[PDB]
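Have a look below at one chain only, the form deposited in one PDB entry, in structure tokens format.
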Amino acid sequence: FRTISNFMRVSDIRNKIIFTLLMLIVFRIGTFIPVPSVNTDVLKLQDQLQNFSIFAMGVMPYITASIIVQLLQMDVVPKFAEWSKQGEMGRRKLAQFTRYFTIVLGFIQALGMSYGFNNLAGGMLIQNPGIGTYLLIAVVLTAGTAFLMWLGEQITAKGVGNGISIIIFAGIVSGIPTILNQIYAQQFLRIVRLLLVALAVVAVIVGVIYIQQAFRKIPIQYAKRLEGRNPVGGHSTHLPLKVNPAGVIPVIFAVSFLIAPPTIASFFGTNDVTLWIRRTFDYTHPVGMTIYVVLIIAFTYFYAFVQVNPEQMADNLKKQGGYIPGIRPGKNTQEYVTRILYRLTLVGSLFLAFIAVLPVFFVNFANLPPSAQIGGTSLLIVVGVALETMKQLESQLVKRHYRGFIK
């Protein structure tokens, strides 16, 4: 195709995309190498009824550490409030504290994964279940996490785009070749059902891009024009608000807050109230499904009002610059944009709930393998990073040529 040919004729951009493909090669050979424990054959023979590697935890502690620091910017903390107030070196100090917090958080959660393996099965235990080889496993898992985030730091500077998001893309789409190898190993519904499934996948990708790439343009007008000097100028200044501002963070919240009550269900008592609360807090069946939907909606509202907070934005438009036509730049603009976010994050909430409940209500009506992942996080991450990378790359060909009036 001629777009890939246009990137083929530009040596610097094709050097950067070859750099990204080689860093994904580094990511792959980091995934294929085994762990120092001996239970790799055990998890191969069992199947635990996801996989396990040195990159098994992934960036998930760095995501939740970024969410922890962006929640403790809301309170009265003079330290982090002043680091956020400081423009550049407060941001770097904040990011380095976030790196320290995610490496200690991954270090304790790898120990938690070892303890959960011991409480799960007696085959995936180690020869010293209480003697500290778990610290060595935690150090090598956090070393893998540090290697992949340093890989992301390399590929966000020398490579194409958002370095964390490209390797998360790479990890999340690396299982669909196993799924498409499994689909005809289980197939033998002959084809009509498979073309209907492919049509529904293309239709839900059209739905997710039509919801995701949709902005609400509030036209802000800086006062710094002399209207008696020139004819009318800028319509090109506005405030873009998304339909779904939150992202996948509410879906990850609902995963966290519906897998946390199964620890209380992993009490040693295993009582009848334990089996009943485990039967109510599971979302493959409606009693957990409605809790999952309502908790997604609640935390979409919460994380919208965290990251696109109307009071901080209304103060940033009051201090340096200008206003919205008809609306005073104080608290009236904050009330106006709070109304706007009330009307947008409802649709973003319903969207995340619908797309996060598609896999359960999809594998039922298409009884084809239960490990297949389309929908929810599995769909939004791949589609958002995939088209954001091309929207980053196609902004160079417009830089390349200025075709004047003489030609």
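Just so we're on the same page, rigid core means the largest C-alpha set that superposes within 1.5 Å between forms. When you see a residue number, it is the position in the sequence shown, counting from 1.
There is another form of the same protein, the form deposited in another entry; it is not shown, and what comes next is about it.
- Residue shifts between the shown form and the other one, rigid core superposed: of 325, 269, 286, 240, the only C-alpha displaced by 2 Å or more belongs to 269.
- Residue 223 shows a C-alpha shift below 2 Å between the shown form and the other one [criterion: core-superposed Cα displacement of 2 Å].
- Core-superposed comparison between the shown form and the other one: the C-alpha position of residue 170 differs by less than 2 Å.
- Shown in the overlay between the shown form and the other one, fitted on the rigid core, is a CA shift at residue 139 smaller than 2 Å.
- Distance between the C-alpha atoms of residue 231 and residue 240: shorter by at least 3 Å in the other form than in the displayed form.
- In the other form, the CA atoms of residue 229 and residue 237 draw together by 3 angstroms or more relative to this form.
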